[PDB]
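Working notes for the structure below.
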Amino acid sequence: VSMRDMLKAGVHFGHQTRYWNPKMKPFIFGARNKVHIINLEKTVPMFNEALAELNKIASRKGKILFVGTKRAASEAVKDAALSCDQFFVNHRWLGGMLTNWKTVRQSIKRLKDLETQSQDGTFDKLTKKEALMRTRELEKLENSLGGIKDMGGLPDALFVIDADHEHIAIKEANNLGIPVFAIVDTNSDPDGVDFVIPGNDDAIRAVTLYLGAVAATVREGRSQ
Amino acid sequence: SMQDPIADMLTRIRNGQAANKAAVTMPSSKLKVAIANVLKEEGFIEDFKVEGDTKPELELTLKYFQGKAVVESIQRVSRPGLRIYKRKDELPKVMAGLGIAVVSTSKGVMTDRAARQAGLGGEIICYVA
Amino acid sequence: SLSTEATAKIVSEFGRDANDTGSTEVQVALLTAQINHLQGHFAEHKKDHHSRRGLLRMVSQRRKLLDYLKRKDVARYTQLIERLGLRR
Amino acid sequence: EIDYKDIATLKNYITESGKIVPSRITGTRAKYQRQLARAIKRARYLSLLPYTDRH
Amino acid sequence: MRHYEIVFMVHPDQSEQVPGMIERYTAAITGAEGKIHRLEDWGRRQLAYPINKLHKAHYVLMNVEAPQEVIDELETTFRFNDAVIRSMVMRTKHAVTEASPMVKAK
Amino acid sequence: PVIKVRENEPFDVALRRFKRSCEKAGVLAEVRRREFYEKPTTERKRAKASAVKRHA
RNA sequence: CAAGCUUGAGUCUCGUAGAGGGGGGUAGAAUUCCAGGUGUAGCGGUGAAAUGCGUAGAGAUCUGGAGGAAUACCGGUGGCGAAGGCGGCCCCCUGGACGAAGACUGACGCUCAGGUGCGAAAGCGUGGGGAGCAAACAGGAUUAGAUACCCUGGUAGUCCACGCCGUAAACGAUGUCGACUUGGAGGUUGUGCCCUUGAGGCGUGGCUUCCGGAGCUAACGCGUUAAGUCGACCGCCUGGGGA
Ligand SMILES: [Mg+2]
Ligand SMILES: [Mg+2]
Ligand SMILES: [Mg+2]
Ligand SMILES: [Mg+2]
Ligand SMILES: [Mg+2]
Ligand SMILES: [Mg+2]
Ligand SMILES: [Mg+2]
Ligand SMILES: [Mg+2]
Ligand SMILES: [Mg+2]
Ligand SMILES: [Mg+2]
Ligand SMILES: [Zn+2]
């Protein structure tokens, strides 16, 4: 992606001065209007370097977990994630998805049993409450685990929208040695992130840019 | 008051290092400059400079490795409240020789290793590892 | 404290000039003057303890200056205290 | 600038019963709150302002 | 020399002595080589509250540059004099020479 | 809190005014405050405590 | 030991804020008391009462006067001081702090056993003063008892001068001085700059409050006002009771 290309989306916009985490001094151009302005000189080479390692990982059949549970961007992360044959977490992250995977894995089995049964097993003969009551369960599981339902194992990398919002997921990764690629906004802590991508992590236009870029390079790395 | 400027030097290093500072600066002195020389020569800092003539400010460029400070510990030994002197055959070694002790001799400031090899003792200024 | 006219005047009397405003002799003369003025103040206001701690500071401070001078130039010291009529 | 003789301005800062209005309500700087209260107090002594609604 | 703002208010029944009190006070300031900088004869003025069962009282204003001795004499002679029901000398950092809000207010 | 009823204003409205003038003026609070001696240490203690509560 | 050096420390100039100290004046609110006018059978007090006060007219109301003590509002994690502590207004005498600019002195500095001084309240001595409050004490109640808590009184004392005492959870339960180490929001008080063009915009000192980072810590928590990283000097601890 290009410096020119990024600037338009507003990747350069950050949070206010009052909410910054000092660790992110190197990546801030300066500030204007009591808002921090990130350095796009720093962003692009670091971002491109993120894409390269992702491209490498994807080319050894690596599994990529997109994580971004902001309500505003939840859908964009999904389409971004599905467009490259990978996996996602787009609603509230259940603590222990990775560290307690063996237990959370059971819920995945439950998911499949449910949509399989509701279709091929079909039922539709119910009791009248089970139609919604089982759908209720299935509805819930889908948002929670729809994106990793077929992940099978532990992912080989995490891509994360907002390191502070998703601090839980990034911490589990850290414990399992899984590398973390993350959009890390001026207010966040970049310590948990192996490849830090510093830019806005809210605005749907900015979010889609990195994500659109991320999903595209996976396919290149896939297409070989 | 400022009665030990060498401890001050040690500490400015230690704290800026802990604070992942690129450099540290302090009022200069021959004795500081002699110690900075040993640190640099033994690879505990990058380099150093003194700037000005009438009020010389000495500047040390610190050194980092694996996102780690090269200087692990840096402590004052002899001090205004308790001078420590050693003989050649009594010279301490730090970390079994992995670190160094800075020693001040009749032939100027050098490491425990140097002074040992040159048959000398002196005032033990500090330990560094 | 001392008036600007009375301060300037002593600096003239004991300094190398009008601007030699920090020489030891000058500093000690100025303290002397203010101590002796304040002799009057505490004669009437014996219960003004707080101010007295300030006077006692002028004293202990003049004592340190006089000792430094004595150490550095006894001849300059003797003159200075005789001239200020001190020590008894 | 504030003078106890300017009873016109001073009146804006006292209540119906001649009580001084706190800085909170008036939103007057803290340095001048003091200056005002000293001028209202001065003005009271000189009977250019009442102490109380009573009189 | 120190600067002072002086205000004294006279029993209305003695308002006729007020000219004389001014002439005298001035003479003891000029006489101690002080200056007089502002003088306002406010005349009778309504009181905010009663004092000595009086409503109204003759007011006089004075801004002056003078020594402690003459200022001393003035503070006592205000106590002495029974015509003066209230007075107040306040120190001011510099002279003043504009109409008081009283001159303007009429 | 002095009040003067205006013409064709009911006795009630004027009263409600009066009670709010005293609510505004702090009379009863003031009288409550002084019914009994409070030690200086105690009112300093009260003052800190309300400063503290006046953080939300 | 000798000569220095100017950054530590002082001195000088002009300003700023302050319940910093001491003395002298003075003010309006209230209580109690004294003297009267109106008025008449209660007031006062409590959980309920009674003691107490009132037909020698209380209480309530209006008026005039005496006296003492304290200074509502302002008033505020506001300010000042070494600590104790300091609050109406005015003057006089006086200590400290801080800022701006440049000149002067030239390490004159930090700490301090012993020593000296200061040091809330209560208490002590002499003489004043005495409204309110109130140890003691008396009376009324409560209670199984009630040497209390509550009520009606009330002496020392609380106030002034001059002496004494030298103690407090005298506390930040954190000795003093200096250097160094990420941040956010405020309060207070200097000062440089900007169509002052708005009650502002950009800096730069002093003090201060609330959070919090690393680090520290048994934890609680502390966290550039350190309980972090260091140095100089002092004071003190060595199981509980006995003490
Ligand atoms: Mg009265
Ligand atoms: Mg002063
Ligand atoms: Mg010289
Ligand atoms: Mg006594
Ligand atoms: Mg009682
Ligand atoms: Mg007695
Ligand atoms: Mg003790
Ligand atoms: Mg904290
Ligand atoms: Mg912590
Ligand atoms: Mg024992
Ligand atoms: Zn964000």
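Chain letters run A, B, ... following the sequence lines, proteins first, then strands; residues in each count from 1. The figures here come from the full heavy-atom set of this structure, side chains too, leaving out hydrogens, waters and symmetry mates.
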Let me know, please, whether C:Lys72 or D:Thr15 comes out on the 5' side of the other along RNA chain G by nearest nucleotide. D:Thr15
Are D:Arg42 and G:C90 close enough that a side-chain N or O sits under 4.0 Å from OP1 or OP2? yes
Under 4.0 angstrom between D:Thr52 side-chain N/O and G:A29 OP1 or OP2: yes
Output yes when C:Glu13 and C:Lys9 qualify as a salt bridge under the 4.0 Å nitrogen-oxygen rule, no when they do not. yes
Should the pair C:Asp67-C:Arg71 be classified as a salt bridge under the 4.0 Å nitrogen-to-oxygen rule? no
From CE of E:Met1 across to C1' of G:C91 the rounded distance in Å is 17 Å
Look at the side chain of B:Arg76 and decide which nucleotide, out of G:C91, G:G106, G:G231, has an atom nearest to it. G:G231
Would you classify D:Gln33 as touching base, sugar-phosphate or nothing, given that sugar-phosphate means primed atoms plus P, OP1 and OP2, and contacts are heavy atoms under 4.0 Å? sugar-phosphate
Quick check on G:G78: is either OP1 or OP2 less than 4.0 Å from any side-chain nitrogen or oxygen of D:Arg29? no
Below 3.5 Å, does any donor atom in the side chain of C:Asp48 face an acceptor in the base of G:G21, or the other way round? yes
Partner nucleotide of G:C112 by Watson-Crick or wobble geometry (both distances under 3.5 Å): none
One thing to verify: whether F:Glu30 and F:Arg33 come together as a salt bridge, which I'm taking to mean a side-chain N less than 4.0 angstrom from a carboxylate O. yes
Contact between C:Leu66 and C:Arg87 at the side-chain level, heavy atoms closer than 4.5 Å - yes or no? no
Counterpart base for G:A103, defined by Watson-Crick or G-U wobble contacts under 3.5 Å: G:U11
Using a 4.0 Å heavy-atom cut-off across all strands, classify B:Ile6 as base, sugar-phosphate, or nothing. nothing
Using centres closer than 5.5 angstrom and planes tilted less than 30 degrees as the test, would you call G:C193 and G:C194 a stacked pair? yes
Distance below 4.0 Å between C:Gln61 side-chain N/O and G:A9 OP1 or OP2: no
With a 4.0 Å limit, can you tell me whether B:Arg14 has a side-chain N or O closer than that to the phosphate oxygens OP1/OP2 of G:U181? no
For residues D:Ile20 and D:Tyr13, determine if any side-chain heavy atom of one lies less than 4.5 Å from a side-chain heavy atom of the other. no
Quick one, G:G215 with G:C222, are they a Watson-Crick or G-U pair at under 3.5 Å for both distances? yes
Mind calculating the distance between CG (C:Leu65) and P (G:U11) to the nearest angstrom? 9 Å
Looking across every strand, which nucleic acid part, if any, lies under 4.0 Å from B:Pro27 by heavy atom: base, sugar-phosphate, or nothing? nothing
Listed nucleotide nearest any side-chain atom of C:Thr21, set G:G95, G:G65, G:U11: G:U11
Under 4.0 Å between a side-chain N/O of C:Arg53 and OP1 or OP2 of G:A82, yes or no? yes
For the base of G:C90, is there a side-chain donor-acceptor partner from D:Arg38 under 3.5 Å away? no
Using a 90° cut-off around 0 for syn, call G:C108 syn or anti. syn
What's the closest nucleotide to the B:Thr11 side chain, out of G:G231, G:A179, G:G8? G:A179
Side chain of C:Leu38 only, heavy atoms from C-beta on: which candidate in G:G28, G:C74, G:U94 is closest? G:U94
Contact under 4.0 Å: C:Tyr68 side-chain N or O vs G:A107 OP1/OP2: yes
C:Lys64 side chain near G:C108 phosphate (N/O to OP1/OP2, under 4.0 Å): no
Closest to the E:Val89 side chain: G:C93, G:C74, G:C90? G:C90
Checking base pairs now: Watson-Crick or wobble, both atom distances under 3.5 Å. What partners G:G81? none
Sugar geometry class by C1'-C2'-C3'-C4' for G:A226: south
Can you check whether C:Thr7 has a side-chain N or O nearer than 4.0 Å to OP1 or OP2 of G:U13? yes
Between NE2 of C:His45 and P of G:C91 the distance, given in whole Å, is 17 Å
Using a cut-off of 4.0 Å on non-hydrogen atoms, how would the nucleic acid contact of C:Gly22 be classed: base, sugar-phosphate, or nothing? base
Should D:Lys31 be listed as having a side-chain N or O under 4.0 Å from OP1 or OP2 of G:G187? no
RNA chain G nearest-nucleotide lookup for C:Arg76 and C:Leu55: closer to the 5′ end is C:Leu55
